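Inside the fold
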Amino acid sequence: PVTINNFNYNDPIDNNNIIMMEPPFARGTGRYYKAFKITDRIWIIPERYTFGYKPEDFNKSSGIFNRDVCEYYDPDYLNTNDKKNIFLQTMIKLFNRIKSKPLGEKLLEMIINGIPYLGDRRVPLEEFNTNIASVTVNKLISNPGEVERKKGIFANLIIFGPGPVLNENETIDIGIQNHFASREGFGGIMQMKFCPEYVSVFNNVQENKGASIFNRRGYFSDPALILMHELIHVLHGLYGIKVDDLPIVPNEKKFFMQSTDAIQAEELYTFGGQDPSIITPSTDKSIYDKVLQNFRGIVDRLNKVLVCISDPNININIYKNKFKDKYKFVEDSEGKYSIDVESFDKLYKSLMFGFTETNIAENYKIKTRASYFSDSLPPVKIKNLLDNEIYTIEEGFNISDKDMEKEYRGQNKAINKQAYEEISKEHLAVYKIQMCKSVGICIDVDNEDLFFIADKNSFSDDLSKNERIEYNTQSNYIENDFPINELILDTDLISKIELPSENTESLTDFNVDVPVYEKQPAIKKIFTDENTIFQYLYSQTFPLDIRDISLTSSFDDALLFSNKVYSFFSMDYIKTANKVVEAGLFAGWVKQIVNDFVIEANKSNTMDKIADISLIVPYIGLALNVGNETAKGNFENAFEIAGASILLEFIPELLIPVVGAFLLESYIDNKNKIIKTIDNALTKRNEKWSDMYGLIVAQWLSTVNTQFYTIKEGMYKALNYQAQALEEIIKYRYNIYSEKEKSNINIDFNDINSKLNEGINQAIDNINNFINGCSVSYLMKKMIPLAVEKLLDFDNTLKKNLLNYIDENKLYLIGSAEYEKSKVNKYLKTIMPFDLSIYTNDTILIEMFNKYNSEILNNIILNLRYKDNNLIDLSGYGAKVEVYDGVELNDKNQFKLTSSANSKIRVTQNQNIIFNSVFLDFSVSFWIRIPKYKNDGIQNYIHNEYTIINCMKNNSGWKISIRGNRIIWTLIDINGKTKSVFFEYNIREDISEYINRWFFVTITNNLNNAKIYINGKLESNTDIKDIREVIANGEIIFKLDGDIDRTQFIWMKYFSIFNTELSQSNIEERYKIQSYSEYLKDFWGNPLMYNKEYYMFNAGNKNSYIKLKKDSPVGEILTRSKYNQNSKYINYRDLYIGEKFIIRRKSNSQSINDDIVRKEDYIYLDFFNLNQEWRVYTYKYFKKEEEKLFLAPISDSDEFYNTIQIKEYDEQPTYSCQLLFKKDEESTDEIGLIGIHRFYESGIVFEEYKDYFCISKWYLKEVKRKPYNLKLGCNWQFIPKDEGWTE
Ligand SMILES: [Ca+2]
Ligand SMILES: [Ca+2]
């Protein structure tokens, strides 16, 4: 167990547990410090840490020590005996809290027993030298007022009070002659500057601190966790594993880049969580090797140590036994020490990945910041840690009987205000970048608000080095993980070996290197005329001495006038916000503008499914203008085109090394070693893929995800500024009124703020999801593929290497010169899929990844869309698309392939996308419109098959072809084996749903079947289990290829490819999404237009058509004529028959040019009667259920309704529309829907039934039924002449 001693500052010096110490950095010259032994080998010195600091630097100034910290200064802290005693009792309480749990008690025991080796790099292997500043520290025995007698003592840790900056805790190791024992396996006396009362504050980006933008946000730290964080650094320094290696360094070449000190891997390990993932597997192994090498040196020393010259009283065996246990070396029957790989591996991982702030926080149920790279906030002062009503050894601030155990309420600033006090900003120093415009206006920006972007020098290039493949070579992986539970239960982890006595000979060699610290300017001037995130955020604020503001959508005016505040919300919102009303209308206006705010904020849930983008926050560009001028133009459109990339402030230059070659060692004649060598190269190859991926992840986390973090914080500040601005206006307007008026105004500010805050929280969640999606998108589409390229290239090179090796050694492989090549061929075939969880176990990162992978749209590897008069790939993988001159394109995303040699599209797909999942797994979807056969060319139409889309590489691939009325999907594997599945629509139908009409096609492929879906429905299926590998990323050629008629053509739209099999559910959804339009369609599926001649079709009476009756102002219904020739293969009913109707716009006299007919539009349904344009009317006064429509010349009569509203009652995709007559546009009085009705006629000679063009109220109720009745006689379609249909 661990015993924590008790004592008061005024207790007498006894030269044993209470001493007068001569600190290492004192160089043995004057001034001793009263020190207290809190536990064995651990001392507390309740005084400010002054080594290396100027006395005046303890006062707040115009300077700062660290550029990434809100520094608090207070030269009076610890300036009295009573203050020193409070510090002591507080440290005693914190150590008790630490050992209150096994994990922390274990940390303390490891630290107490991790005694520094007796010596350093300068000591002969055969000796123990205690006479060095990193091993022995002196205590003054003599009476006060005389350095008469001094005694030496061994120590592990000395904790001082804070240096100039109270909240800047730090652990310091001892360097002598430019070298650090604590970094070379020996370990050495560790020192710390610590302050328990002034703790850091942090706030979860995703999590909302009690969700209260008007109250204090964030959480304050548990000083016991802060202490344990530093103790972990102590632990590393004591075991001499605080090695230096390739550090993470921030890029500082641009004015928007955050400046910080270099960050060593050890610091990130200490924190834990996701931070270790920023240290590449390459650097992880480099550090492991350095520490292991350091331990080899110590184990050698233990085998050679013979004497201790400095202290004749040192018992050599006792120390050898102790050091053997410290480093977990093994000892043979004769006392020979050696390194045990298993024990070393366990010790190393326990020290680097077991004891981490994250792991400890989780075990002690203490809340802490999410990452070392989170923004720093001003600290707070804990009122009294010695008061058990506020802080306890067992629970810290989160005391259960105070109901503050849940959700870490005890550390919540908005909830546990009784626990802390805010700090005087007067004593705070913060490093700021002053961005001033050219002559100039200047804006101060806290260095913490800038973008942290790791420089490329931060990452290891070890992957570019060559590797020797021996027969015993093995691949190595260092898991940045460690079972915290096994650590807590690990028996032999803790020493049961006697701790040697601390008294030794006095130190006489005080040689030591003492750090010198200096403040630097707290403000750095930089010139820039850029208006990026910092300026946009700034334009949304107003001075404290101003209370009357107005909102504006003009960023420039907002900058210029102190009374103008920028807003990225709608024009209307801005207008209403600036509205002034009478007291009697104030409450109404408040409810209105507050509601408007919530509506505006909520636009953050905007969907864009037609562009294959599920979520998009439309106003991000206007709010921050971050990245590539995102405030200009339409953000949604700019995003559909370039994606996540447009939001980045800086595109990083990634390190993606050419993997070094493999040098397989030769073992002539020996066959066993030769085979082993082969396999080792293979397994090592995988280590290369994994390490490369780790390299990518590390860079993504420290150069890309960091920028997206800044953006998330920026949107939080932006939305808050907006709410604050609206609140300022509401207050100003309310205070203009008299007290008498105010008394009659029904307003509740707490409710106003509650509503504004809730809207912000909703917006924040959407924004966080959107941004995380963008970040992962960039990783998967803009980073991983670049790595895959290098890795595939490496594979090819190695393949050649190995095969050859098999050849030069075939004379030793006897009956395996074949078996080995096969194993190699298949191995370098299946590539390694990227799995983020392999490089990190952080919950938010993993769920971020899993979410992205669960969204079917991220499986799109090709998405040809129209943009700026051209077809381009918006999938995000950057396919090269060459559209030749003979391809017709329009803004409706339709493209036409003709019989011309230059009517072609060439697509070069990205070769670095995991398309080969070993087994076929992909889908292709697109819309198509195939022209009707030429009646005099039916034989060739049914006989000649022609390809339309071909994707082949090395004689393998897929293709889409057509043979008359059949569309065919064909696969060809590497062996030339072929299989096809097809859809054939009937060409003998009176009325076809497919011929010359737009329809949706979807082809899915999995390991077993190949199926074709048409308009969301499964139509055909083929068993393709016998199909071997199919190369599918070859060049895609869109072009009619075969024996086609010169008039042959094909229209296509929305061609896309998914690297997975779409489900019937996904397909049905895509069909509905791509079918949607505000406008109605015509018979062929194209947009319905005004001023366009159309024949009319009735879905409920397919073979019927309308004709003006000879001597009657009515439309008689006749039977369509039909295909007349003798071909046995075809049949249809004529479509270009009956009156030629034309649709006219009701309002706006913007002439009769043309335009799109939209649902709900009011129209006139006219038609041509020879040289005149007639109209369709409805006699107003009929009492029956239905009546014949009145067809006559254009004119206005009180007796006839002439206005029609075009409707769409079907909720599912259809080309039918309905026509409604309403009393008038405003009324809700429905006269009826246009249809066909049957009448009985009995004349003097003829007796029969005849159908007429009518209006009927009966349809009104029928169109409400579900599922929609497609057969209703009120369903019409408009047929314009089309080159794709001849009769
Ligand atoms: Ca790592
Ligand atoms: Ca302003």
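Residues numbered from 1 in each chain as written, not as in the entry; some residues may be left out. Chains lettered and ligands numbered in written order. Heavy atoms only, no water. Residues with missing side-chain atoms left out of burial classes, pairs and counts.

Regarding how it was determined, this PDB entry cites X-ray crystallography in its header, along with a resolution of 2.00 Å.

This brings us to the overall build of the protein. Within the protein, the secondary structure is distributed over 23 helices and 63 strands. In terms of its C-alpha atoms, the protein occupies a principal-axis envelope of roughly 145 × 105 × 60 Å. (Helix = DSSP H or I, 4+ residues; strand = E, 2+ residues; numbered from the N terminus.)

What follows concerns the domain arrangement of the protein. In terms of domain boundaries, the protein breaks down into domain 1 (1-438), domain 2 (441-472 + 529-827), domain 3 (843-1075) and domain 4 (1089-1279). Taking only C-alpha atoms into account, the centre of domain 1 sits 63 Å from that of domain 3. (Domains from an automatic or database assignment.)

This part covers unusual backbone geometry. Trans peptide bonds make up most of the peptide bonds, and negative phi angles are found at most residues other than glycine. Here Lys1266 and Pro1267 are connected by a cis peptide whose omega angle stands at 0°. Structurally, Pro1267 can be placed in the loop between α23 (1258-1262) and β63 (1276-1279). Notably, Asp403 is not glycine yet its phi reads approximately 60°, a positive angle. Position of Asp403 relative to the elements: it lies in the loop between β20 (380-382) and β21 (420-421). Not every positive phi belongs to a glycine, and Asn955 is a case in point at roughly 65°. Here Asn955 falls in the exposed class, since its relative accessible area comes to 66%. (Buried < 20%, exposed > 50% of the residue type's maximum accessible area, 1.4 Å probe, protein only.)

The calcium ion (ligand 1) binds to the protein through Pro276 (O), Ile279 (O), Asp284 (OD), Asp284 (OD) and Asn480 (ND2), with metal-donor distances spanning 2.3 to 3.0 Å. For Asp284, a relative accessible area of 3% puts it in the buried group. (Donors = N, O, S within 2.8 Å, 3.2 Å for Na, K, Ca; no water.)

Before going further, it helps to spend a moment on the packing of aromatic side chains. This model, assessed by the stated rule, comprises 96 aromatic pairs. Between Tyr53 and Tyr517, the ring centres sit 4.4 Å apart and the planes meet at 25°, which makes this aromatic pair stacked. Note on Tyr1132 and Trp1285: the rings are 5.6 Å apart at their centroids and 80° apart in plane angle, and the pair reads as edge-to-face. In this pair, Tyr1132 sits in the loop between β51 (1115-1119) and β52 (1141-1145) while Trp1285 sits in the segment after β63, placing the two residues 153 residues apart along the sequence. By relative accessible area, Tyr1132 is classed as buried at 3%. Its relative accessible area of 6% is what places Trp1285 among the buried residues. One aromatic cluster is present, formed by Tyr269, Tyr288, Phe295, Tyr327, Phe329, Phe344, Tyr348 and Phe353 through successive ring pairs. (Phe/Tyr/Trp six-rings, centres within 6.5 Å; stacked < 30°, edge-to-face > 60°.)

Our next topic: the sheet that holds strand β23 (residues 432-436). Spatial ordering of the open sheet is given by β24-β23-β28, a layout of 3 strands whose pairing is mixed. A strand with exactly one partner marks an edge of an open sheet, and here the two such strands are β24 (442-446) and β28 (523-527). When the angles between neighbouring strand axes are averaged without regard to direction, this sheet yields 25°. Relative to β24, β23 runs antiparallel, the two sharing 5 bridges. Along β24, the bridge assignment pairs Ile433 with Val445. (Pairing = 2+ DSSP bridges. Axes fitted to C-alpha atoms, helices over the stretch in contact; angles between N-to-C directions.)

It is worth spelling out the UniProt feature "active site" in the protein at this point. Taking the UniProt record as the reference, the feature "active site" is found at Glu230. Summarising the element assignment, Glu230 is placed in helix α3 (residues 223-238). If we ignore the near neighbours within four places in the chain, the residues touching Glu230 are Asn169, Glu170, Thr171 and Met192. (UniProt positions renumbered as here; feature names shortened; annotations may be inferred. Contact = heavy atoms within 4.5 Å.)

For the rest of this paragraph, the subject is helix α18 (residues 749-808). A turn of α-helix holds 3.6 residues, and therefore any two residues three or four places apart point the same way. In this model α18 runs 86 Å from its N-terminal to its C-terminal C-alpha over 60 residues, within 8% of the 88 Å that 1.5 Å per residue would give. Regarding α18, its N-cap is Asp748, as a side-chain oxygen of that residue lies 3.0 Å from the backbone nitrogen of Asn750 further along. (Expected span 1.5 Å × (residues − 1). Polar contact = N/O pair within 3.5 Å; in protein donor to acceptor, adjacent residues only side chain to side chain.)

We now examine the sheet that holds β20. In space, the 3 strands of this open sheet follow the order β14-β20-β21, with antiparallel pairing throughout. Each edge of the open sheet is held by one strand with a lone partner, namely β14 (198-199) and β21. As judged from the 2 bridges shared by β20 and β21, these two strands associate in the antiparallel manner. Bridging across to β21, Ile382 finds its partner in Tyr420.

Put simply, a metal with four donors set out as a tetrahedron has ideal angles of 109.5 degrees, and one with six donors set out as an octahedron has ideal angles of 90 or 180 degrees. For the calcium ion (ligand 2), the protein coordination sphere consists of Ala558 (O), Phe561 (O) and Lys564 (O), at 2.3 to 2.4 Å. Here the donor residues of the calcium ion (ligand 2) are spaced in sequence according to A-x2-F-x2-K. Owing to a relative accessible area of 7%, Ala558 belongs among the buried residues under this scheme. The exposure class assigned to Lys564 is partly exposed, which follows from its relative accessible area of 21%.

This next bit is on the packing of α18 against helix α20 (residues 843-854). Relative to each other, α18 and α20 sit at 80°, their axes nearing to 10 Å. The orientation of α18 with respect to α20, classified from their angle, is roughly perpendicular. Where α18 abuts α20, its residues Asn769, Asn772, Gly773, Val776, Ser777, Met780 and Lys781 lie against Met848, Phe849, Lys851 and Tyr852. (Parallel < 35°, antiparallel > 145°, perpendicular 65-115°, else oblique.)

Before going further, it helps to examine the nonpolar core. In this structure, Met91, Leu231, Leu647, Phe770 and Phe834 are the most contacted members of the largest nonpolar core, which totals 265 residues. A per-element tally of this core places helix α16 (residues 671-735) first, with 26 residues. For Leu647, the residues in contact, after removing those within four places along its chain, are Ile620, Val626, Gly627, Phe635, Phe708, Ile711, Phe770, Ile771 and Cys774. Counting 71 residues, the second-largest nonpolar core is a separate cluster that includes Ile949, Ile967, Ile991 and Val1030. (Core = buried A, V, L, I, M, F, W, Y, C linked by side-chain atoms within 4.5 Å.)

Structurally, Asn1021 is set in strand β45 (residues 1017-1023). Among all residues touching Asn1021, those that are not within four sequence positions of it are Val981, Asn1009, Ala1010 and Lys1011.

Our focus in this paragraph is a nonpolar patch on the surface. On the surface, a nonpolar cluster with roughly 290 Å² of combined accessible area is contributed by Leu306, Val307 and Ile309. Looking at the element boundaries, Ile309 is found in the loop between β17 (307-308) and α6 (316-326). When its relative accessible area of 49% is taken as the criterion, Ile309 is described as partly exposed. (Patch = residues over 30% accessible without salt bridge, like charges linked within 9 Å, V, L, I, M, F, W, Y side chains within 5 Å. Areas by Shrake-Rupley, 256 points an atom, 1.4 Å probe, with all protein chains shown as cover. Salt bridge = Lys/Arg side-chain N within 4 Å of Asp/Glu carboxyl O.)

In contact at an axis separation of 8 Å, helix α13 (residues 583-601) and α18 are set at 10° when each is read in the N-to-C sense. When the interaxial angle is binned, α13 and α18 end up roughly parallel. For the pair α13 and α18, contact is made by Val590, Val594, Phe597, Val598 and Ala601 and by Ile752, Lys755, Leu756, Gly759, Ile760, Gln762 and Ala763, respectively. Partitioned by chemical class, the residues of the contact of α13 with α18 number 9 nonpolar, 2 polar and 1 charged. (Nonpolar A, V, L, I, M, F, W, Y, C, P; charged D, E, K, R; others polar.)

Let us now look at the pattern of salt bridges. Scanning all chains against the criterion turns up 58 salt bridges. Salt-bridge contacts for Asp173 lead to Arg183; the nearest nitrogen and oxygen are separated by 2.8 Å. Taken together, the residues span a long stretch of sequence, with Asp173 in the loop between β10 (170-172) and β11 (175-176) and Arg183 in the loop between β12 (179-180) and β13 (190-193) at a distance of 10 residues. Its relative accessible area of 24% is what places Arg183 among the partly exposed residues. Salt-bridge contacts for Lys285 lead to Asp691; the nearest nitrogen and oxygen are separated by 2.6 Å. On the accessibility criterion, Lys285 (15% relative accessible area) is buried. Each member of the salt-bridge network shares a partner with another, and the members are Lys285, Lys684, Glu687 and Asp691.

Attention now goes to the pairing of strand β7 (residues 136-140). Counting buried positions over the 5 residues of β7 gives 5, a clear majority of the element. By the alternation rule, side chains of β7 split into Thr136, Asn138 and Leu140 and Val137 and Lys139, which are all buried. In terms of strand pairing, strand β1 (residues 18-22) meets β7 through 2 bridges, oriented antiparallel. The residue of β7 that forms the bridge with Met21 is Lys139. Both β7 and strand β8 (residues 150-154) contribute to a ladder of 5 bridges, which runs antiparallel. Across the sheet, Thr136 pairs through a bridge with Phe154, a residue of β8.

Turning our attention to the side chain of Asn416. In this fold, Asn416 is placed in the loop between β20 and β21. With relative accessibility at 0%, the residue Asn416 sits in the buried group. With residues up to four places along the chain from it excluded, the contact list for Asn416 reads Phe220, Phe397, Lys402, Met404, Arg409 and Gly410.

Here we take up the side chain of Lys904. Residue placement: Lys904 occurs in the loop between β36 (894-897) and β37 (905-908). Look at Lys904: it is buried, it has no salt bridge, and the nearest opposite charge is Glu1035 at 8.2 Å. Contact partners of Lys904, with chain neighbours within four places excluded, come to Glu882, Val883, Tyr884, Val887, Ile1037, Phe1038 and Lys1039. (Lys, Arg positive; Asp, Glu negative; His and termini not counted.)

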